[PDB]
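These protein sequence lines map, in sequence, to chains B and A.
Count the first sequence with the authors' numbering and you get residues 10 to 254, in order.
Count the second sequence with the authors' numbering and you get residues 1 to 50, in order.
All residues carry an ideal CB built from backbone N, CA and C; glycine is no exception.
The block underneath contains the structure these notes are about, expressed in structure tokens.
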Amino acid sequence: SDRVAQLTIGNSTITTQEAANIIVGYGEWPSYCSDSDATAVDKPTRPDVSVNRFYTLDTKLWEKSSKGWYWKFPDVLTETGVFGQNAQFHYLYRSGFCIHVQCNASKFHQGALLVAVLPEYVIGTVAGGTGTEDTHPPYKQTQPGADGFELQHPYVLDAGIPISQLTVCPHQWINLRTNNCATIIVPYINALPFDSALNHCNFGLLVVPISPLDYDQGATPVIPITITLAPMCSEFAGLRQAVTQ
Amino acid sequence: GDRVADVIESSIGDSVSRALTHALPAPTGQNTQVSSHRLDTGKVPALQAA
Numbered sequence: 010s011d012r013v014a015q016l017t018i019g020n021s022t023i024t025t026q027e028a029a030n031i032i033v034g035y036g037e038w039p040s041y042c043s044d045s046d047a048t049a050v051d052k053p054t055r056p057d058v059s060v061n062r063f064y065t066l067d068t069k070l071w072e073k074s075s076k077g078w079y080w081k082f083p084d085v086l087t088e089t090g091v092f093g094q095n096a097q098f099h100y101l102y103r104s105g106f107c108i109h110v111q112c113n114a115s116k117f118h119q120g121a122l123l124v125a126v127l128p129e130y131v132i133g134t135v136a137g138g139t140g141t142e143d144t145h146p147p148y149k150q151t152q153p154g155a156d157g158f159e160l161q162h163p164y165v166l167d168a169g170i171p172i173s174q175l176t177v178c179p180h181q182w183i184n185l186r187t188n189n190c191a192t193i194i195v196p197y198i199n200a201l202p203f204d205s206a207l208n209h210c211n212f213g214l215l216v217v218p219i220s221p222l223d224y225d226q227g228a229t230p231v232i233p234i235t236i237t238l239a240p241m242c243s244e245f246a247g248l249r250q251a252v253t254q
Numbered sequence: 001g002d003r004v005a006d007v008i009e010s011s012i013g014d015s016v017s018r019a020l021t022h023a024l025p026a027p028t029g030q031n032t033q034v035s036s037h038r039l040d041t042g043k044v045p046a047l048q049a050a
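The following block contains the structure:
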């Protein structure tokens, strides 16, 4: 009655019989931009069902040695379905997100994944190792797309900050002996009412194993982690030709 | 006449076949109602037990 759940939006429905409730980032549901917060004057377009639906974008394999991965929003969807087209044809974009991370195993497997959302997740480099070289991360690392990217130094989140304090952000855990999914609802987070879906990534989704995956020889060794997400209250403005970046 | 209790309280002889279902008029296919996104716990229409 808190373990079972159904998430229906658009022409897609998700089910889970081993949930752990739902998290609503910073305690507030997504919403459309009010006429007093807005600034751009053109009438926005709100596609609704064609873009506010669940998209399953990627599957990673959880291994005994995995370090963790991250994805950037809205980067992950800029080239998928109708949402992508609208993000490409419009200068302005804004929306919320419902993130559903899936990972099931057996009552004999163990391990725990920390699933968290970190706004304005700026990536840092190791500065040439000695820290005397001012290097910068490449586009494929700041905006990895749907395939995401693997963390090199999870302890410091590849940005000189302690992952041990990541729980100060909207998060959930996937502890195999307890639940097989994590659901986080995120409102639009920015210092502006609208912004570019291409140049700016509002937040990053981190999925990091804190307690290593383990099991005995003979049990299914392939344990996938699938990422499904849905935009909420998508709004677009500033129409012109399509642009990919 | 009847005097012992089990006899007085028995259902032996009930000729009324109890019915769990009943017919409703259905001259047309059912309509479709408007629906919106639902993101709840506890509620799960999609899961069944065939």
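Does the distance between the C-beta of residue i and the nearest non-hydrogen atom of the ligand PLP fall short of 7 angstroms?
i, result
"B/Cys210", "This structure lacks the ligand PLP; in fact it carries no ligand of any kind."
Can you tell me where the beta strand (DSSP E) with residue i in it begins and where it stops?
i, result
"B/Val195", "190 to 195"
"B/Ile234", "232 to 248"
"B/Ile183", "180 to 184"
"B/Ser220", "212 to 223"
"B/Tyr79", "78 to 82"
"B/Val126", "119 to 128"
"B/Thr65", "64 to 71"
For a test of the three-state rule: what should DSSP assign to residue i, helix, strand or coil?
i, result
"B/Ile108", "strand"
"B/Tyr164", "helix"
"B/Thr22", "strand"
"B/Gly34", "helix"
"B/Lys149", "helix"
"A/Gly13", "coil"
"A/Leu47", "coil"
"B/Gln15", "strand"
"B/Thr139", "coil"
"B/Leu175", "helix"
"B/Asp51", "coil"
"B/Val58", "helix"
"A/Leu39", "strand"
"B/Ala251", "coil"
"B/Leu101", "strand"
"B/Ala155", "helix"
Figure out for me which residue from the options has the closest Cα to the Cα of residue i.
i, options, result
"A/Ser35", "B/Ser40, B/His99, B/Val58", "B/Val58"
"B/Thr17", "B/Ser243, B/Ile32, B/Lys52, B/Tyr64", "B/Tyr64"
"B/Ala246", "B/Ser104, B/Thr54, B/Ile219", "B/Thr54"
"B/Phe106", "B/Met241, B/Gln250, B/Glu72, B/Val252", "B/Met241"
"B/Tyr197", "B/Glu159, B/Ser243, B/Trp182, B/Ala136", "B/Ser243"
"B/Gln26", "B/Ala191, B/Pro221, B/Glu72", "B/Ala191"
"B/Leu238", "B/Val217, B/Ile193, B/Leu201, B/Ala14", "B/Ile193"
"B/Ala155", "B/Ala200, B/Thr68, B/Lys76", "B/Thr68"
"B/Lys76", "B/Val217, B/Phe92, B/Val252, B/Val110", "B/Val217"
"B/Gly120", "B/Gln250, B/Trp38, B/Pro230", "B/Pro230"
"B/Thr48", "B/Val252, B/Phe203, B/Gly213, B/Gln250", "B/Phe203"
"B/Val110", "B/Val131, B/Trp78, B/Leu175, B/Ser40", "B/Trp78"
"B/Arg62", "B/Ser220, B/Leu86, B/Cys210, B/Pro153", "B/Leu86"
"B/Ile172", "B/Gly140, B/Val126, B/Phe98, B/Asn184", "B/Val126"
"B/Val252", "B/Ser220, B/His209, B/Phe98", "B/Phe98"
"A/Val44", "B/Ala28, B/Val13, B/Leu123", "B/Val13"
Just the chain A side, please: which residues come within less than 8 angstroms of residue i by C-beta, in chain order?
i, result
"B/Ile232", "Going along chain A, no residue has its Cβ under 8 angstroms from B/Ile232, so there is no contact; the nearest lies around 23 angstroms."
Please list, in chain order, the chain C residues whose beta carbon lies closer than 9 angstroms to that of residue i.
i, result
"B/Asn30", "As a matter of chain content, chain C is missing from the structure shown, whose protein chains are B and A."
For residue i, return the contacting residues in chain B, with the cut-off set at a CB-CB distance below 9 angstroms.
i, result
"A/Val44", "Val13, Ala14, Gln15, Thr24, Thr25, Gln26"
Quick check on the DSSP output: the alpha helix (DSSP H) that includes residue i runs from which residue to which?
i, result
"B/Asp204", "Run containing B/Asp204: none; DSSP gives neither H nor E here."
"B/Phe92", "90 to 98"
"A/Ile8", "5 to 8"
Find the residues of chain A that neighbour residue i, judging by a C-beta separation of less than 9 angstroms, and give them in chain order.
i, result
"B/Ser10", "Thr41, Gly42"
"B/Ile18", "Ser36, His37, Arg38, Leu39"
Check the Cβ of residue i against every Cβ in chain B and list those closer than 8 angstroms, keeping chain order.
i, result
"A/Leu47", "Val13, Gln15, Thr24, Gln26"
Return the residues of the segment 83 to 113 of chain B that lie within a Cβ-Cβ distance of less than 8 angstroms from chain A, sorted by chain order. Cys107
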